[PDB]
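# Below: the sequence, then the experimentally determined structure.
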Amino acid sequence: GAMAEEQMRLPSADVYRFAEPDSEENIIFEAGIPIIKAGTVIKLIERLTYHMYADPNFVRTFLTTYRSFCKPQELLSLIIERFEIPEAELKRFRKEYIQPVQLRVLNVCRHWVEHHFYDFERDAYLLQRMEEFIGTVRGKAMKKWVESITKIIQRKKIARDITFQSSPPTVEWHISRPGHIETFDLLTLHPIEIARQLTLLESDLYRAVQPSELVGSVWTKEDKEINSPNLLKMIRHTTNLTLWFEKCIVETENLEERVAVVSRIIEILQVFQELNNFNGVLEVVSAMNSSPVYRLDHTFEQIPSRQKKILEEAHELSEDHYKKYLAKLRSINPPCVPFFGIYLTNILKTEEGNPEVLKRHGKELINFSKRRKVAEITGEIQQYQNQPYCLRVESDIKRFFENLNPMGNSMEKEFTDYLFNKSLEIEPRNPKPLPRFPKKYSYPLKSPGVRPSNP
Ligand SMILES: COC1=C(OC)Cc2c(nc(C)nc2N[C@H](C)c2ccc(-c3ccccc3CO)s2)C1
């Protein structure tokens with residue numbers, strides 16, 4: 001009948017793999033555009049280039065997350081296989097099936113090269129594969145798609161190899177003067193300017209992270225450096241700044257000097273708060289909560305009450321699954337640098353909390369809802385990625401913070417053991433006595449404060 005007339009108009013299974021019937025054994029949906037829960041890769045590709053309607057949500061999310069279940073080489077071949085459909089009925093079949101599916105495939109190619117060129121930048125063979133495919137396309141409406149895609153391939157070819165709206169404030173200095181990079185340090189640089197330069201650095205690092213770097217826990221795999229470079233730069237910066245804060249504290253063995261170091265780092269946090277760099281606030285909080293620093297009760301004692309409160313209120317941002325942090329983040333306007341660590345925590349819970357596959361009628365379907373959920377979290381990341389700061393770069397201070405290496409030649413575990421042993425040395429556990437230590441700093445320790453220029 002008329003049901004068979006639709007299917008028999010389409011190609012049979014012996015000549016074409018992307019036209020088998022929709023069923024409980026190959027595809028599952030969660031009225032309008034149906035949201036695909038799970039399915040085999042063949043059925044996911046079919047829906048990615050479906051003839052009845054455009055699915056821009058599915059295209060975006062598929063291309064962001066497909067590497068967790070399908071290689072780029074495998075994907076390119078499957079969309080070419082979808083494209084090469086075997087041929088009044090012929091004229092209607094060309095009208096309603098061949099032309100729209102071929103239009104949808106090229107839209108996927110256009111999206112792929114525009115938004116995920118790094119695949120083609122990684123694999124040289126994948127690019128010349130993609131260009132050869134687009135080269136062999138002859139059609140009426142198909143010509144401007146070929147020009148539009150090859151336009152973008154040229155834009156990314158040249159891309160392979162700052163302006164302010166308002167007047168940015170004066171770069172502030174303290175002990176170290178412009179150019180004297182050998183004297184640059186925590187207490188010698190201006191605290192305001194340390195916060196500004198770290199925020200600019202972290203903002204740039206936040207903005208460079210792409211969605212695919214976070215999918216499938218690929219930053220903790222054998223192939224992490226090419227799959228997740230910007231992500232790894234962000235994580236490593238945080239590691240290096242946090243351990244550097246801890247090192248500055250615990251290697252200051254004189255109590256009164258250590259109090260000054262801690263107080264200065266609290267001031268850096270205060271300026272991060274003014275800038276809405278929440279990444280920076282929680283790096284300071286992490287450093288202050290770490291095993292070596294948190295146990296220094298004698299250092300805590302001499303911190304002014306108002307600074308104590310600032311740290312205590314900053315910690316409380318993290319309590320109850322970051323409730324107050326999330327409310328603070330929604331309440332502010334740009335520019336900001338969101339706390340990056342929460343996205344990794346929630347992505348890991350989603351990855352670990354949902355299975356790779358779903359069984360239905362004794363066959364393993366790919367869990368696409370798992371990928372979309374991860375992609376929804378990366379969507380939140382992206383909405384804070386176009387927020388430039390009205391702040392002037394200082395190249396020497398930037399370079400200093402970009403090249404932090406507190407661990408030196410040590411391993412992380414080894415260095416954090418050293419930090420804790422150093423903590424025990426400077427403030428021994430009770431009932432052992434507290435020894436006095438000599439001063440290490442020859443310059444004045446009084447801070448210049450966090451109020452900028454223009455009295
Ligand atoms: C549940 O356990 C809690 C924590 O675990 C580590 C931390 C924490 C908790 N409640 C609050 C309000 N604030 C906390 N941390 C903030 C950031 C800090 C206040 C002061 C700090 C400090 C700094 C330098 C030297 C010494 C100390 C402290 O002896 S660190 C509760």
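Structure received. Numbering: from 1, shown residues only.
# Could I get the full set of strands for this structure?
Using DSSP state E, the strands found in the chain span residues 27-29, 36-39, 357-359, 364-367.
# Distance-wise, check the nearest residue to residue 150 once chain neighbours are set aside relative to residue 250.
Spatial nearest neighbour of residue 150, excluding adjacent residues (Cβ to Cβ, 6 or more residues apart in numbering): residue 134 at 6.5 Å. Bear in mind the C-beta positions are built from the backbone N, C-alpha and C, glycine included. According to Cβ to Cβ, to the nearest Å, residue 134 stands 59 Å off from residue 250.
# of these two, who's got more company?
Neighbours were counted for residue 134 and for residue 250 using other Cβ atoms under 10 Å; residue 250 has more, 25 against 19.
# for the chain, which helix is longest?
Counting by DSSP state H, the longest helix found in the chain is helix 229-250.
# for the closest residue to residue 64 other than its chain neighbours, what are its contacts?
Leaving aside its sequence neighbours, residue 64 sits nearest to residue 211 (Cβ to Cβ, 6+ apart; 4.6 Å). Residue 211 sits next to 64, 65, 375, 378, 379, 381, 382 when contact means Cβ atoms under 8 Å, 6 or more residues apart in numbering.
# ok so, going back, quick one, which of the strands of the chain is packed in tightest?
strand 36-39 (a mean of 21; mean count of other Cβ atoms under 10 Å).
# And the contacts of it?
By Cβ under 8 Å, 6+ apart, the surrounding residues in contact with strand 36-39 are 26-30, 44, 47, 58, 357-358, 360, 365-369.
# Swap in 6 Å and give it another go.
Applying Cβ atoms under 6 Å, 6 or more residues apart in numbering, the contact partners of strand 36-39 are 26, 27, 28, 29, 30, 47, 358, 365, 367, 368, 369.
# Tell me, how many residues neighbour residue 363?
12.
# What count of nearby residues applies to residue 197?
Other residues close to residue 197 by other Cβ under 10 Å number 25.
# What's the separation between it and residue 378?
Shown here: residue 197 relative to residue 378, a distance of 27 Å by Cβ to Cβ.
# Residue 243 too?
27 Å.
# Same check on residue 296?
The gap separating residue 296 from residue 378 is 38 Å, by Cβ to Cβ.
# With residue 361 instead?
For residue 361, the distance to residue 378 - Cβ to Cβ - is 32 Å.
# quick one, which of these two is more surrounded?
Neighbours per residue (other Cβ under 10 Å) separate residue 361 from residue 378, with residue 378 holding more: 20 against 9.
# That one reaches residue 215, doesn't it?
No - judged on Cβ atoms under 6 Å, residue 378 makes no contact with residue 215 at a distance of 7.6 Å.
# State the number of residues packed around the residue in the stretch 51-200 of the chain that the ligand sits nearest to.
When distances are taken as Cβ to the nearest ligand atom, the stretch 51-200 of the chain reaches nearest to the ligand at residue 186, 14.5 Å away. Residues within reach of residue 186, counting by other Cβ under 10 Å, total 18.
# Count the residues that sit near the nearest residue to it once chain neighbours are set aside.
The shortest distance from residue 186 to any non-neighbouring residue, by Cβ to Cβ, 6+ apart, is to residue 248 (4.9 Å). Other residues near residue 248 come to 20 when the count uses other Cβ under 10 Å.
# do the same with residue 70
Residues lying near residue 70 (other Cβ under 10 Å) number 16.
# Over to the one 10 residues further on?
Residue 80 sits with 16 neighbouring residues when counted by other Cβ under 10 Å.
# and the gap between it and residue 385?
33 Å.
# same thing with residue 399?
Separation of residue 399 from residue 385 (Cβ to Cβ): 24 Å.
# and this protein, which residues reach the ligand?
262, 285, 288-289, 293-294, 296-297, 299-300, 311-312, 314-316 (Cβ under 6 Å from any ligand atom).
# mind listing which of these are in helices?
Per DSSP H, the residues of the chain next to the ligand map to helices at 262, 285, 288-289, 293-294, 297, 299-300, 311-312, 314-316.
# Drop anything exposed from these.
Buried members of those, counted by 16 or more other Cβ atoms under 10 Å: 262, 285, 288, 293, 299, 311, 314.
# For those, name the two members farthest from one another.
Greatest spatial distance among those (Cβ to Cβ): 299 and 314, at 16.8 Å.
# Domain map for this structure?
The chain is divided into the following domains under curated CATH domains: 9-157+341-383, 169-340+384-453.
# How far off centre is the last one?
Going back to what we said before, that points to domain 169-340+384-453. 19 Å (Cα atoms, centre = their mean, to the nearest Å).
# Stretch 39-50 too?
On the basis of Cα atoms, centre = their mean, stretch 39-50 sits 27 Å off its chain's mean C-alpha point.
# just curious, which of the residues of the chain next to the ligand is nearest to residue 408?
residue 293 (18.8 Å).
# Verify the contact between that closest one and residue 249 for me.
Yes - proximity of residue 293 to residue 249 meets the contact threshold set by Cβ under 6 Å, at 5.4 Å.
# just to revisit the earlier point, from the residues of the chain next to the ligand, pick the one nearest residue 124.
Of all those, the one sitting nearest residue 124 is residue 285; the distance, using Cβ to Cβ, is 44.2 Å.
# show me what contacts that closest one?
Neighbour list for residue 285: 314, 315 [criterion: Cβ under 6 Å, 6+ apart].
# how does it look with 10 Å?
242, 269, 311, 314, 315, 316, 317, 318, 339 (Cβ atoms under 10 Å, 6 or more residues apart in numbering).
# Please give me every residue in contact with the residue nearest to the spatial centre of the chain.
Central residue of the chain (Cα atoms, centre = their mean): residue 209, 4.0 Å from the mean position. Residue 209 sits next to 228-235, 340, 343, 378, 381-382, 385 when contact means Cβ under 10 Å, 6+ apart.
# So residue 174 is in contact with residue 448, correct?
Yes - under the criterion of Cβ atoms under 10 Å, residue 174 makes contact with residue 448 at 5.1 Å.
# Which residue of those two possesses the greater neighbour count?
Neighbour count, other Cβ under 10 Å: between residue 174 and residue 448, residue 174 has more, with 17 against 14.
# Just want to check the distance between the nearest residue to the more buried one once chain neighbours are set aside and residue 447.
Residue nearest to residue 174 in three dimensions, not counting chain neighbours: residue 190, with 4.0 Å by Cβ to Cβ, 6+ apart. Taking Cβ to Cβ as the measure, residue 190 falls 9 Å from residue 447.
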